[PDB]
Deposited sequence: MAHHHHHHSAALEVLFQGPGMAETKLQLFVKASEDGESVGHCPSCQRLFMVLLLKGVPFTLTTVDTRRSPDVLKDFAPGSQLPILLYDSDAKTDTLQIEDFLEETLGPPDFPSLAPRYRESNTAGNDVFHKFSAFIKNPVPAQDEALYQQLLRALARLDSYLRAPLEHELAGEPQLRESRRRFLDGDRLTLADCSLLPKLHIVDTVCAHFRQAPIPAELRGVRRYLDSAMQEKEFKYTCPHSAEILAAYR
């Protein structure tokens, strides 16, 4: 079904430095994921306003959030699965991780280093607590459940929320690990399980750019 192409729905995304494959771009990956999860035929095209961009008919859409809402609305039951999360909080948890990572990783002030890192950790901590908290349907079946059993944000299936966050969270882990020897702390069991579960899902695994690409983006 799905058609990738370098050198009808069509997604234009960034190519890698050498042009050989998919480039670093967490928004590009987000939409790549949405499209795969819809199970709709599509063409993805790498490129050497701003990407990602989507063509439907002759018509374009250039804004990540807009493209996403469109794909969620236009492609629905019974032809396509809806990917909206069920619970409000799936949409907000970890909403600040990426911003806090970016301020940490770009900081040139020695005396602010630990401080900004702590802010990063605290946000990762809150994401962790949500991932470990049993959701409604989990309790509906098991009334005394203490620790959530689920794989992802909203349950055991990838949703729009995961599509947005996983690409960002992958970068945080990749960059912090390699550059500052600061992998996601083992204490955050829910965050750790979440990244690992994601790597076992074809739609996340096969939309990841090579690690070298992410590393190069940060130098």
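Missing from the model, by position in the deposited sequence, are residues 1-2, 10-24, 66-79.
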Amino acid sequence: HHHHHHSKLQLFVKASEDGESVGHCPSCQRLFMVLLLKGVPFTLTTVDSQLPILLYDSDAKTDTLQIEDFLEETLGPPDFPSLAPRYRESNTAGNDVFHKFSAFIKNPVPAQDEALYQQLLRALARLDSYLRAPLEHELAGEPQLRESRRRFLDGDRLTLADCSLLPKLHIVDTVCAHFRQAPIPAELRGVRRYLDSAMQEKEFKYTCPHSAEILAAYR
From here on, numbers count along this sequence of modelled residues.
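Remark: stretch with higher mean C-alpha B factor among 108-116 and 125-133 is 108-116.
Relative to one another, 156-164 and 169-177 have unequal mean CA B-factors, and 156-164 is the one with the higher figure.
The entry lists C-alpha B-factors for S27, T46, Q66, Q50, and the highest of these is at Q50. In the PDB entry, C208 places in the highest third of its chain by CA B-factor.
Among the modelled residues of the chain, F42 sits in the lowest third by CA temperature factor in this PDB entry. Annotation for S82: CA B-factor lies in the middle third of the chain's modelled residues.
Among the modelled residues of its chain, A182 has a C-alpha B-factor that falls in the lowest third according to the deposited record. Ranked within its chain, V97 lands in the lowest third, by CA B factor from the PDB record.
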